[PDB]
Amino acid sequence: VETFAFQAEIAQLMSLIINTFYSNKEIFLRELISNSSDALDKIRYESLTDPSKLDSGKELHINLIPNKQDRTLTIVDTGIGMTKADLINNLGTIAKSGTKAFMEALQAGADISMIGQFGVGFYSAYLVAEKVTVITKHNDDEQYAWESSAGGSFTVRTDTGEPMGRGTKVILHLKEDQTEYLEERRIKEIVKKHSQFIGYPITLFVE
Ligand SMILES: O=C1OCC/C=C/CC/C=C/C(=N/OCC(=O)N2CCCCC2)Cc2cc(O)cc(O)c21
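Residues numbered from 1 in each chain as written, not as in the entry; some residues may be left out. Heavy atoms only, no water.

Method of determination, as annotated in the archive: X-ray crystallography, at 1.75 Å resolution.

Here it is, written out as structure tokens:
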């Protein structure tokens, strides 16, 4: 298990998400689905130039899996996934600019729901989750587990759990007062409100 520090500006972003009083938390689901759709777009686009990129799985979809026993909401996609360098360095690097822009927009009157316009929507997970675990598999790398309870650090390790062929699974360990997002009717409402035209099938698992 390797432990890393977030870049200072991303630690600041996470603290702002965790500490700001902001009732409209449900948008976290739209931002993660949007990320999943973006990841699916990438593998699909690359597959047109190199069809062998789908040898690890042709299905392009998003599954929402609530588990009341574990108090987790899992968002599974079969997108492009993330390499180890993606997990530790690349996405963080790319996010520096968007985090800065987002912080500046909040100062000028934007609100937290607009986070996705800055390319850092993943961090909205911290509106509802005390800890987030991300399992991922990219064609060019091994399966990894990333995890963070914020506080300025994250971990990465090789994942020995069940193989996924390719994609990303975001496991939201929900805060104790955020269990509404395990309810079928609640998830259904939010997907219909915010994610109705996503161009991949979204399957809402029930319990
Ligand atoms: O695999 C994904 O993207 C790969 C292709 C890129 C697509 C653009 C949209 C993705 C935004 C993401 N931002 O993460 C920010 C970040 O530094 N982190 C550290 C590592 C763990 C994930 C979060 C990554 C991501 C998030 C997601 O909710 C679903 C996903 O399939 C992916």
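Student: So what about the sheet that holds strand β8 (residues 202-204)? Which residues, and what values?
Tutor: Here 8 strands make up an open sheet; going across it, the order is β1-β6-β5-β4-β7-β3-β2-β8 and the pairing mixed. At either margin of the open sheet sits one strand with a lone partner, and together these are β1 (2-5) and β8. Adjacent strand axes in the sheet meet at a mean angle of 20 degrees, parallel and antiparallel pairs treated alike. Note: β1 against strand β6 (residues 153-158), 4 bridges, orientation antiparallel. Residue pairing for β6: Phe4 is matched across the bridge by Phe154. In the packing of helix α2 (residues 27-49) onto the sheet, contacts are made with β2 (62-67), β3 (72-77), β7 (167-174) and β8, and the angle to β3 comes to roughly 20 degrees. (Pairing = 2+ DSSP bridges. Helix = DSSP H or I, 4+ residues; strand = E, 2+ residues; numbered from the N terminus. Axes fitted to C-alpha atoms, helices over the stretch in contact; angles between N-to-C directions. Contact = heavy atoms within 4.5 Å.)

Student: Hey, could you go over unusual backbone geometry for me, with residue numbers and the actual values?
Tutor: Although it is not a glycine, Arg71 adopts a positive phi angle of roughly 55 degrees. Assignment of secondary structure puts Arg71 in the loop between β2 and β3. Here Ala150, not a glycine, exhibits a phi torsion of approximately 65 degrees, which is positive. Along the polypeptide, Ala150 turns up in the loop between β5 (143-148) and β6. Residue class for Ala150 comes out buried when judged on its relative accessible area of 11%. (Buried < 20%, exposed > 50% of the residue type's maximum accessible area, 1.4 Å probe, protein only.)

Student: Give a detailed account of the environment of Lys42, specifying residues and quantitative values.
Tutor: Among the secondary structure elements, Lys42 is positioned in helix α2. Among the residues examined, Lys42 registers a relative accessible area of 52% and is labelled exposed. Residues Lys42 and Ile80 lie 38 residues apart in sequence; the distance between their C-alpha atoms is 6.1 Å.

Student: Requested: an account of the packing of aromatic side chains, with residues and values cited.
Tutor: In this description, a pair of aromatic rings is defined by centroid distance and the angle of the planes. Applying the stated criterion across every chain, the model contains 9 aromatic pairs. Where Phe4 meets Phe154, the ring centres are 5.2 Å apart and the plane angle is 15 degrees; that geometry is what we call stacked. Note that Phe4 is positioned in strand β1 and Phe154 in strand β6, a separation of 150 residues in sequence. Centroid distance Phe6 to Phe154: 4.9 Å. Interplanar angle 50 degrees. Geometry classified as tilted. Of the two residues, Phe6 is situated in the loop between β1 and α1 (8-19) and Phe154 in strand β6; the sequence distance between them amounts to 148 residues. Taken individually, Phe6 and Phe154 each receive the classification buried, so the pair is uniform in this respect. Ring pairs connect the aromatic residues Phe4, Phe6, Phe122, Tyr123, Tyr126, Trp146 and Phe154, which therefore count as one cluster. (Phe/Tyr/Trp six-rings, centres within 6.5 Å; stacked < 30°, edge-to-face > 60°.)

Student: Lay out the pattern of salt bridges in plain terms, naming residues and giving numbers.
Tutor: Scanning all chains against the criterion turns up 14 salt bridges. When the shortest N-O distance is used, the salt bridge between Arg44 and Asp41 registers 3.1 Å. Placement of the pair is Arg44 and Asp41 together in helix α2, with a separation of 3 residues, close to one helical turn. Close ionic contact of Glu46 with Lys53 constitutes a salt bridge, the shortest N to O distance being 2.7 Å. Classification of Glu46 by relative accessible area gives partly exposed; the value is 32%. (Salt bridge = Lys/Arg side-chain N within 4 Å of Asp/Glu carboxyl O.)

Student: Any details on the layout of surface pockets? Residues and values, ideally.
Tutor: Estimated volume of the largest pocket: approximately 1100 Å³. Around the largest pocket, the lining is made up of 41 residues, and of these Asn35, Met82, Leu91, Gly119 and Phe122 lie nearest the centre. Of all elements in the fold, only β1, α2, α3 (84-107) and β7 reach the threshold of two or more residues within the lining of the largest pocket. Per element, the largest residue contribution to the lining of the largest pocket is 11 residues, and it comes from α3. Broken down by class, the residue content of the lining of the largest pocket amounts to 21 nonpolar, 15 polar and 5 charged. (1 Å grid on protein atoms, 1.4 Å probe; cavity = no way out; pocket = protein on both sides within 12 Å on 5 of 7 lines; lining within 4 Å. Points joined across faces, edges and corners; volume = space filled by probe spheres on them. Nonpolar A, V, L, I, M, F, W, Y, C, P; charged D, E, K, R; others polar.)

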